[PDB]
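One structure is given here, and the rest of the page talks about it.
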Amino acid sequence: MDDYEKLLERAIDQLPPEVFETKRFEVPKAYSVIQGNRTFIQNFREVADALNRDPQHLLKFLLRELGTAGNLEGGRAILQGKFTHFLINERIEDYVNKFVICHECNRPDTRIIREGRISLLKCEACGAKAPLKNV
Ligand SMILES: [Zn+2]
């Protein structure tokens, strides 16, 4: 149930949200490669989703840390800056591997909150989680 996922491709790509279902975007291996001073992204599609469901954000982040030119090299997505599988792997591993890291946040007997469509939340109980703003 982890590796050999049961992806039916039901409205998880071009198929409009006509069919009701839960979109489980999680697949092993989701990190870039450190090459001198550039990141050779190969799964920009999968790596991007997990690292950030929204492509607009993920992209704004690579440039925000990319101190170099910043562009797509090769044929996949070899950017250049500071996105050396740093923030990428961290965020992705947070969601894809939220079970072993979040300690199976099933029915926590605490006050949990999630905002941004499974993007942000708090887990002061089973560790710590980022809600959104600091009041
Ligand atoms: Zn938790």
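Scheme for the structure tokens: letters A, B, ... for chains in order shown; per-chain residue numbers from 1; ligand numbers from 1 in order shown.
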From a DSSP calculation on the backbone, collect every residue of segment 98-133 of chain A in helix (DSSP H, G or I) and output the set as a PDB file with N, CA and C atoms, in the first residue's frame.
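Result went into result-v9.pdb, see below:
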ATOM      1  N   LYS A  98       4.446  11.605   6.410  1.00  0.00           N
ATOM      2  CA  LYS A  98       3.870  12.282   7.569  1.00  0.00           C
ATOM      3  C   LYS A  98       3.444  11.285   8.640  1.00  0.00           C
ATOM      4  N   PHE A  99       3.455  10.003   8.303  1.00  0.00           N
ATOM      5  CA  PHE A  99       3.057   8.972   9.250  1.00  0.00           C
ATOM      6  C   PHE A  99       4.157   8.687  10.271  1.00  0.00           C
ATOM      7  N   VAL A 100       5.364   8.419   9.782  1.00  0.00           N
ATOM      8  CA  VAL A 100       6.491   8.114  10.660  1.00  0.00           C
ATOM      9  C   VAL A 100       7.099   9.373  11.280  1.00  0.00           C
ATOM     10  N   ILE A 101       6.842  10.527  10.676  1.00  0.00           N
ATOM     11  CA  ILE A 101       7.370  11.784  11.194  1.00  0.00           C
ATOM     12  C   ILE A 101       6.357  12.456  12.126  1.00  0.00           C
ATOM     13  N   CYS A 102       5.086  12.469  11.718  1.00  0.00           N
ATOM     14  CA  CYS A 102       4.030  13.069  12.532  1.00  0.00           C
ATOM     15  C   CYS A 102       3.538  12.103  13.619  1.00  0.00           C
TER      16      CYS A 102
END
Considering only C-alpha atoms, return as an mmCIF file with N, CA and C atoms, in the first residue's frame whatever protein or nucleic-acid residues lie within 9 Å of residue 51 of chain A, sequence-local ones (same chain, fewer than 6 positions apart) excluded.
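Result went into out-v9.cif, see below:
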data_model
loop_
_atom_site.group_PDB
_atom_site.id
_atom_site.type_symbol
_atom_site.label_atom_id
_atom_site.label_comp_id
_atom_site.auth_asym_id
_atom_site.auth_seq_id
_atom_site.Cartn_x
_atom_site.Cartn_y
_atom_site.Cartn_z
ATOM 1 N N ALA A 30 11.492 11.461 -3.802
ATOM 2 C CA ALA A 30 11.055 12.818 -4.089
ATOM 3 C C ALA A 30 12.078 13.845 -3.620
ATOM 4 N N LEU A 58 5.533 26.637 -5.011
ATOM 5 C CA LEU A 58 6.778 25.892 -5.138
ATOM 6 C C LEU A 58 7.779 26.649 -5.996
ATOM 7 N N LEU A 87 14.841 22.447 0.802
ATOM 8 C CA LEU A 87 13.454 22.734 1.126
ATOM 9 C C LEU A 87 12.533 21.714 0.464
ATOM 10 N N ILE A 88 12.919 21.261 -0.725
ATOM 11 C CA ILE A 88 12.118 20.294 -1.469
ATOM 12 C C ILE A 88 11.901 19.009 -0.664
ATOM 13 N N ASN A 89 12.987 18.304 -0.359
ATOM 14 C CA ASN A 89 12.895 17.047 0.386
ATOM 15 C C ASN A 89 12.214 17.241 1.743
ATOM 16 N N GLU A 90 12.539 18.336 2.432
ATOM 17 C CA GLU A 90 11.958 18.617 3.747
ATOM 18 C C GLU A 90 10.431 18.644 3.702
ATOM 19 N N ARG A 91 9.892 19.502 2.845
ATOM 20 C CA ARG A 91 8.448 19.649 2.702
ATOM 21 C C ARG A 91 7.791 18.351 2.230
ATOM 22 N N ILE A 92 8.331 17.762 1.169
ATOM 23 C CA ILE A 92 7.778 16.520 0.641
ATOM 24 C C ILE A 92 7.769 15.426 1.708
ATOM 25 N N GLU A 93 8.942 15.147 2.270
ATOM 26 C CA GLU A 93 9.076 14.129 3.307
ATOM 27 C C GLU A 93 8.094 14.384 4.448
ATOM 28 N N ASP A 94 7.710 15.644 4.614
ATOM 29 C CA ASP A 94 6.765 16.024 5.652
ATOM 30 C C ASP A 94 5.388 15.438 5.360
ATOM 31 N N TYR A 95 4.966 15.521 4.099
ATOM 32 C CA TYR A 95 3.662 14.998 3.698
ATOM 33 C C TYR A 95 3.728 13.514 3.334
#
What are the closest atom pairs, with distances in Å to one decimal, for each residue of chain A lying within 6 Å of ligand 1, using only C-alpha atoms and all ligand atoms, rows by chain and rising residue number, as JSON lines?
{"residue": "A:102", "atom": "CA", "partner": "ligand 1", "partner_atom_place_in_ligand_line": "1 (Zn)", "distance": 4.7}
{"residue": "A:105", "atom": "CA", "partner": "ligand 1", "partner_atom_place_in_ligand_line": "1 (Zn)", "distance": 4.4}
{"residue": "A:123", "atom": "CA", "partner": "ligand 1", "partner_atom_place_in_ligand_line": "1 (Zn)", "distance": 4.5}
{"residue": "A:126", "atom": "CA", "partner": "ligand 1", "partner_atom_place_in_ligand_line": "1 (Zn)", "distance": 5.1}
Produce a file of the selected residues containing C-alpha atoms, as a PDB file, in the first residue's frame.
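Written file, again_21.pdb:
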ATOM      1  CA  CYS A 102       4.030  13.069  12.532  1.00  0.00           C
ATOM      2  CA  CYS A 105      -1.724  11.718  13.452  1.00  0.00           C
ATOM      3  CA  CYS A 123       0.633  19.514  16.169  1.00  0.00           C
ATOM      4  CA  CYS A 126       2.594  14.994  18.763  1.00  0.00           C
TER       5      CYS A 126
END
>> Among segment 51-122 of chain A, which residues does DSSP mark as strand (DSSP E) when it is run on the backbone? Keep the chain and numbering as in the structure and answer as a ChimeraX atom specification.
In response: /A:77-80,113-115,120-122
> Between A:66, A:72, A:125, A:132, which one has atoms that come closest to residue 107 of chain A, using only C-alpha atoms?
Replying inline: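 Residue with the minimum atom-to-atom distance to residue 107 of chain A: A:125.
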> Using only C-alpha atoms, which of A:124, A:65, A:54, A:5 sits nearest residue 109 of chain A?
Replying inline: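 The shortest atom-to-atom distance to residue 109 of chain A comes from A:124.
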> Using only C-alpha atoms, which residues sit within 12 Å of residue 29 of chain A once same-chain residues fewer than 3 positions away are excluded, as a VMD selection string?
Replying inline: chain A and resid 2 to 3 26 32 to 33 41 to 44 46 to 47 50 to 51 85 88 to 89 92 to 93 96 to 97
